[PDB]
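In short: position in the sequence shown from 1, add 76, done, that's my numbering.
Quick reminder that beta carbons are idealized off the backbone N, C-alpha and C, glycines included.
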Amino acid sequence: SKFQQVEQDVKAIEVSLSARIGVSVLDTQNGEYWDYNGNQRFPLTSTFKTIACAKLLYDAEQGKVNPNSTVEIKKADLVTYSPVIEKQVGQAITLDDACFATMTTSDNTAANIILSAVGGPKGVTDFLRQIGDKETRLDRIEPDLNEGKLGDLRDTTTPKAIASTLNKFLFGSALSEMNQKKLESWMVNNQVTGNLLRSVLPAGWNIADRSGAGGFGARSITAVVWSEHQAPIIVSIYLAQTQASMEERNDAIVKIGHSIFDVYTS
Numbered sequence: 077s078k079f080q081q082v083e084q085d086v087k088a089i090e091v092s093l094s095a096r097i098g099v100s101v102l103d104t105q106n107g108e109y110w111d112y113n114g115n116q117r118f119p120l121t122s123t124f125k126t127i128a129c130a131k132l133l134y135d136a137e138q139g140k141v142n143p144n145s146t147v148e149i150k151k152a153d154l155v156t157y158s159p160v161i162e163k164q165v166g167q168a169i170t171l172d173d174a175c176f177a178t179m180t181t182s183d184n185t186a187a188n189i190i191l192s193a194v195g196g197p198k199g200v201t202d203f204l205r206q207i208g209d210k211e212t213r214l215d216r217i218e219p220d221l222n223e224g225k226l227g228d229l230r231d232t233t234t235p236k237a238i239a240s241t242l243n244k245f246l247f248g249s250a251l252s253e254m255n256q257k258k259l260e261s262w263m264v265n266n267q268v269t270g271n272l273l274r275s276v277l278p279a280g281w282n283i284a285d286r287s288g289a290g291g292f293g294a295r296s297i298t299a300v301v302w303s304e305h306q307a308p309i310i311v312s313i314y315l316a317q318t319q320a321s322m323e324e325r326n327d328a329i330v331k332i333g334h335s336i337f338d339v340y341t342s
């Protein structure tokens, strides 16, 4: 009953936006969890980027790759929306800087550069299986992975699976404390989600997030929020197959986020 208002708000949105919507909330402090369509599948879109960069750090720890090695940027590699990389054609960028780029701006070419360095979609998926995520899967690179068609299993996750995976990445021991802080900082320094959860975040709270937008109205966000008096809470919100405008989909996320935060601020 704690999340009753949240459920009601999610139900109103699924009606008004005639959409498929899923939410998962994990309270690390007391081991509590709640979801609505938490086992349903939704397109990952840019929320996968966190996984690719987490794998870069993991692979680096094992010595599979040097995060400081550079990769040559060529004009033919450029894909839609690559603000950081489009200014560095003819130059070399380190894998670490490519992760900073894609995590803070969602730069798509930067994401493909990371994918080519960590075994591509197949390597990413195998990594997910190893950490215990049995649902999430990456199958294509940018931009094709954003198709978001109903029933397509490619490049999807469930609100609960990705929430659990983010929990392990940042608070488990798969990554060193150093790499956990690095991954966290990349999410904390995200520059492109000001109109989502950050806009309704309680005074004094912190947030590490990664969002996504794709075909057929796909919109989502995976975040971790916390404060001096509030242990980490993982939030996963996904919308799919809706004709709603981007503003309406952002509105949905801020309304749901607001209700979720209220559970803890009240």
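By DSSP, does residue i sit in helix, in strand, or in coil?
i: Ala-294; result: coil
i: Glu-108; result: strand
i: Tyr-314; result: strand
i: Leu-102; result: strand
i: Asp-153; result: helix
i: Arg-205; result: helix
i: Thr-234; result: coil
i: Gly-196; result: helix
Taking only the alpha-carbon atoms, compute the straight-line gap between residue i and residue j and give it to the nearest angstrom.
i: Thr-180; j: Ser-296; result: 16 Å
i: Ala-320; j: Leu-93; result: 6 Å
i: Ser-303; j: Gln-206; result: 31 Å
i: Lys-140; j: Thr-232; result: 26 Å
i: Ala-279; j: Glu-260; result: 20 Å
i: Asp-338; j: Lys-151; result: 47 Å
i: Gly-290; j: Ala-328; result: 16 Å
i: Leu-120; j: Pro-143; result: 24 Å
i: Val-200; j: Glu-211; result: 12 Å
i: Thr-146; j: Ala-174; result: 9 Å
i: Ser-77; j: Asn-184; result: 41 Å
Which residue from the options puts its Cα closest to that of residue i?
i: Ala-193; options: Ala-136, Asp-220, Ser-182 and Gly-290; result: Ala-136
i: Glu-324; options: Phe-79, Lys-78, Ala-95 and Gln-80; result: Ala-95
i: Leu-273; options: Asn-184, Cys-129 and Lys-331; result: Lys-331
i: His-334; options: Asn-184, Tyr-340, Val-276 and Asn-326; result: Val-276
i: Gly-227; options: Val-99, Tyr-340 and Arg-117; result: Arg-117
i: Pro-219; options: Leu-242, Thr-201, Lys-125 and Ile-97; result: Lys-125
Let me know if residue i comes out buried or exposed under the rule of 16 or more other beta-carbons within 10 Å of its beta-carbon.
i: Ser-342; result: exposed
i: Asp-111; result: buried
i: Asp-172; result: buried
i: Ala-128; result: buried
i: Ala-294; result: buried
Q.
If contact is defined by three or more beta carbon pairs under 8 Å, each pair taking one atom from either stretch, is the segment 243-257 in contact with the segment 124-138?
A. The segment 124-138, when compared against the segment 243-257, does touch it at the 8 Å Cβ threshold.
Original post:
Can you find at least 3 beta carbon pairs, one from the segment 84-93 and one from the segment 201-216, that sit closer than 8 Å?
Top reply: They do not touch, by the three-pair rule.
Query raised in the report: Is there contact between the segment 232-241 and the segment 264-272, where contact requires at least three CB pairs shorter than 8 Å?
Result: With a cut-off of 8 Å, the segment 264-272 and the segment 232-241 do not count as touching, because too few Cβ pairs lie within range.
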